[PDB]
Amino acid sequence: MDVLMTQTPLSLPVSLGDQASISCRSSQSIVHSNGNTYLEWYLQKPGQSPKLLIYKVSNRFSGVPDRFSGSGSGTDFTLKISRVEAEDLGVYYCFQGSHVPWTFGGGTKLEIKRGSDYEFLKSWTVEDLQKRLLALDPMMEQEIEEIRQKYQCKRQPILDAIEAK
């Protein structure tokens, strides 16, 4: 049977500076035949591809700050952020590469505590505010391309019908 990767929680609201802990559970043991445990954590920003943070349960990928740490064994694995910064917000995925088919977790969204208005943005530095603004452009371009794909699919049956006459 395929290994199921289940993440918890689905969403984790935090403020900047808070500690963050997210869990990843496998439906069975994920010890590779060579003895290693190929559990990896990835972080994805909207409109952008995922990036590797932790490999083999606990090894920090090159460039990943010290505040990130991974641990666990058996079927329980945890990723912790000691002090959340604005660049850490996004969707975290765990992944097992021990048994084929290799499978991803469902994802955990680390998001900011925004309140009922926009007063949370006022504690942010201009640099963090600018990064939040610029992170919208890839998400917009993706949605625009998705609409372009939808309308190509809409106009294809018409083109086939015209060509068949």
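So that there is no doubt, residue numbering starts at 1 and follows the sequence shown.
For the segment pair 28-36 and 92-100, the entry gives 28-36 the higher mean B-factor, averaged over Cα atoms. The mean C-alpha temperature factor is higher for 121-129 when 121-129 and 49-57 are set side by side.
Within the group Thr108, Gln44, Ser69, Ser62, the record's highest C-alpha temperature factor is found at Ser62. Remark: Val14 belongs to the lowest third of its chain, ranked by C-alpha B-factor as recorded.
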